[PDB]
Protein chains: 2
Amino acid sequence: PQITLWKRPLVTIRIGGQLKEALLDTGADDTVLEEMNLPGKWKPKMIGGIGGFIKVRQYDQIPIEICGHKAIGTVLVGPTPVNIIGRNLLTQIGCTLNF
Amino acid sequence: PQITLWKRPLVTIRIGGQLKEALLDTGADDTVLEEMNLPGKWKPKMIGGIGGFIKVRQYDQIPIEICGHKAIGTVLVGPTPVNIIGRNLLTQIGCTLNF
Ligand SMILES: COc1ccc(S(=O)(=O)N(CCCc2ccccc2)C[C@@H](O)[C@H](Cc2ccccc2)NC(=O)c2cccc(O)c2)cc1
């Protein structure tokens, strides 16, 4: 689709059979989800945003369907304030910015 | 332009006698610029991101040129690590997400 920006670019994602709302975020290098359980090994990681650094759990090779487009990649889980789809998965679904 | 997301979508903006590199950021409601002493009235504000909140100065009706496209709107100035062009200006220059 083409998504305009007068509203937040929130979309439905499917991850582990669960439907969630997530923000398509070109300013995010990584995909960061609110705390949830995901299967498999994770490793502790730290990431930084506008207000400082947080601790997250890094899960690799996780399938995420974003508005019906399939990605398989790294998902960080932690105290992000909102679910964020970052460039690591936006590139997999062929997302670009256009003006 | 079409801008892919393999790297951070950094572009040149101009605000007065300062050309600046800024992130085209669909996950940002507002435009947040690194510390700069803009003229005119402003209002204090707190904005929240990953890691918590920062204190910023809200300046209104500031002209900002982004890759040659003219915009005018609210600019938040504060201790952000990166200049962020948010949706308030992205819409004005006709920016969409496409996949
Ligand atoms: C109201 O206006 C704004 C509010 C917030 C922001 S933002 O910069 O924090 N923010 C709002 C996000 C939604 C959100 C909303 C509410 C809480 C938490 C997240 C904009 C993000 O795109 C942000 C931009 C960025 C990049 C580098 C350094 C610093 C910031 N990226 C990130 O936080 C980020 C995420 C993952 C990995 C990474 O390396 C960076 C910008 C504008």
Side-chain angles (χ1 to χ4, degrees), chain A residues 1-6 8-11 13 21-34 45-56 65-69 71 73 76-99, chain B residues 1-6 8-11 13 21-34 45-56 65-71 73 76-99:
Chain A
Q2 177 162 261
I3 297 167
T4 61
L5 295 175
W6 286 279
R8 292 169 173 148
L10 293 163
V11 303
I13 71 171
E21 293 305 295
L23 184 69
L24 302 181
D25 188 349
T26 60
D29 300 338
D30 311 301
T31 293
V32 195
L33 301 185
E34 298 161 1
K45 179 181 177 75
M46 290 176 63
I47 59 168
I50 227 181
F53 282 74
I54 61 169
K55 290 166 65 175
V56 297
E65 186 178 295
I66 302 162
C67 210
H69 291 251
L76 311 181
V77 176
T80 181
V82 53
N83 297 315
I84 292 164
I85 306 306
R87 296 188 295 100
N88 73 307
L89 303 185
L90 295 175
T91 57
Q92 296 198 13
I93 69 178
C95 190
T96 59
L97 288 160
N98 298 267
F99 58 102
Chain B
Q2 172 170 107
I3 297 166
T4 61
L5 298 170
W6 302 109
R8 289 168 190 146
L10 292 168
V11 295
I13 72 169
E21 203 170 38
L23 197 61
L24 296 177
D25 189 352
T26 57
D29 299 334
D30 298 339
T31 293
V32 193
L33 294 318
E34 71 178 53
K45 191 182 181 92
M46 286 269 275
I47 59 171
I50 278 177
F53 286 75
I54 60 165
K55 193 171 175 194
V56 299
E65 182 150 298
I66 304 160
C67 294
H69 292 243
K70 294 182 173 63
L76 306 180
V77 175
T80 174
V82 298
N83 289 304
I84 294 166
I85 303 306
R87 293 186 301 98
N88 71 307
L89 300 185
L90 293 174
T91 56
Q92 294 186 27
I93 72 180
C95 189
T96 55
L97 288 162
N98 302 83
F99 62 101

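Convention: sequence-line order gives letters A, B, ...; per-chain numbering from 1. Hydrogens, waters and symmetry mates are skipped; everything else that's a heavy atom, side chains included, is used.
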Which bit of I93(B) comes within less than 4.5 Å of chain A, counting heavy atoms only: side chain, backbone, both or neither?
->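 When you check distances to chain A, atoms from both the backbone and side chain of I93(B) fall under 4.5 Å.
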Please flag which part of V32(B) lies under 4.5 Å from any non-hydrogen atom of chain A: side chain, backbone, both or neither.
->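 The side chain, not the backbone.
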Which bit of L24(A) comes within less than 4.5 Å of chain B, counting heavy atoms only: side chain, backbone, both or neither?
->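 For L24(A), the contact with chain B is made by backbone and side chain together.
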Heavy-atom side-chain contact between [X] and [Y] under 4.5 Å:
| X | Y | result |
| --- | --- | --- |
| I3(B) | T96(A) | no |
| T26(B) | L5(A) | yes |
| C95(B) | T91(B) | no |
| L89(A) | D30(A) | no |

Heavy atoms only, distances under 4.5 angstrom: which of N88(B), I54(B), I50(B), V82(B) has the most pairs with chain A? Name it, please.
->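 The option with the most such pairs is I50(B).
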